[PDB]
Amino acid sequence: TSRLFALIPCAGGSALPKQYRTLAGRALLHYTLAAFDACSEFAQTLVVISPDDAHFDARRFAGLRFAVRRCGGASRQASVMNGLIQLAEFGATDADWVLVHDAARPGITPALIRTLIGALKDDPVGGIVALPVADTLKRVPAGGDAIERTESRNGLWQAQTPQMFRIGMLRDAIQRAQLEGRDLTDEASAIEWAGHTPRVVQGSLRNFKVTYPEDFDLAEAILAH
């Protein structure tokens with residue numbers, strides 16, 4: 001009876017926001033929306049943008065099934081929480097699932113989404129897609145390129161998105177951290193501070209986060225193919 005909602009958080013002489021940057025003809029956000037659009041089991045996809053956003057153009061995402069609300073906040077933290085609250089308009093309850101995905105990971109696929117769903121649908125908490133740390137870890141002090149020592153990678157995973165939790169538990173988790181003045185990284189860390197135990201499901205290398213110009217080039221090679 002737990003339905004599936006998708007939540008895509010977006011933020012704004014600053015340059016163009018990353019989610020609107022062109023990747024092989026299409027905007028960056030388009031790949032995330034298309035991935036969730038291909039999954040008809042979702043109730044609705046919600047894009048959260050800033051109320052001052054003057055770059056979002058709905059016609060560039062035509063034919064895709066999603067809704068957009070300008071309920072953005074100061075941080076990604078607030079933007080997610082406001083989105084969870086906003087989901088109640090679409091008939092969402094606190095018992096329903098929400099998948100929060102970073103638009104900076106355009107390599108997301110319906111196959112990876114459905115793998116996460118099928119692996120955590122019966123979990124009391126939920127979890128995230130992640131990759132085990134494969135590379136040797138080197139500690140390099142700030143302000144220098146010199147290696148101090150090698151750090152153990154035993155039991156370390158690289159977190160990815162989407163992150164699958166229930167709306168009620170996640171909203172209250174982010175709420176509690178916002179009041180405590182705790183700056184979080186992802187939705188999983190919120191669940192962790194709230195006292196729950198999130199799960200990891202095997203992710204993918206093509207689900208990497210783009211940031212640097214070279215990451216766009218790789219993504220343009222992986223995608224559009």
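When we count neighbours, we look across all protein chains shown, and the Cβ atoms used for this are built from the backbone with ideal geometry, even at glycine. Computed from the coordinates by the stated procedures, all read-outs in this text should not be read as laboratory data.
Just a few scattered comments:
- Among 70-78, 58-66, sorting by the average number of other beta carbon atoms lying within 10 angstrom of each residue, highest first, gives 70-78, 58-66.
- GluC sites (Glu not before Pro) restricted to segment 60-167 and DSSP loop, no more than 16 other C-beta within 10 Å: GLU148
- Think of each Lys and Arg Cβ as +1 and each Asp and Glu Cβ as -1; about the Cα centre, that makes the dipole of the chain roughly 280 debye.
- Extended-chain gain in nm, criterion 0.36 nm per residue less alpha-carbon gap, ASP183 and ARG139: 13.5 nm
- Counted by Cβ distance under 10 Å from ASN207, the other residues give a net charge of +2, where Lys and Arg count +1 and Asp and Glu count -1.
- Once you reduce segment 8-55 and segment 152-225 to the center of their Cα atoms, the two points are 17 Å from each other.
- Under the Debye formula (equal points on every Cα, no solvent term), log10 I(q)/I(0) of segment 62-159 at q = 0.16, 0.19, 0.25 Å⁻¹: -0.97, -1.15, -1.43
- Highest average packing first - 27-38, 187-198, Cβ atoms within 10 Å: 27-38, 187-198
- Ellipsoid semi-axes in whole angstrom, largest first, where each is sqrt(5λ) of the Cα gyration tensor of the chain: 26, 23, 19
- Gyration tensor (alpha-carbon) shape descriptor, segment 97-225, a/c threshold 1.5: oblate
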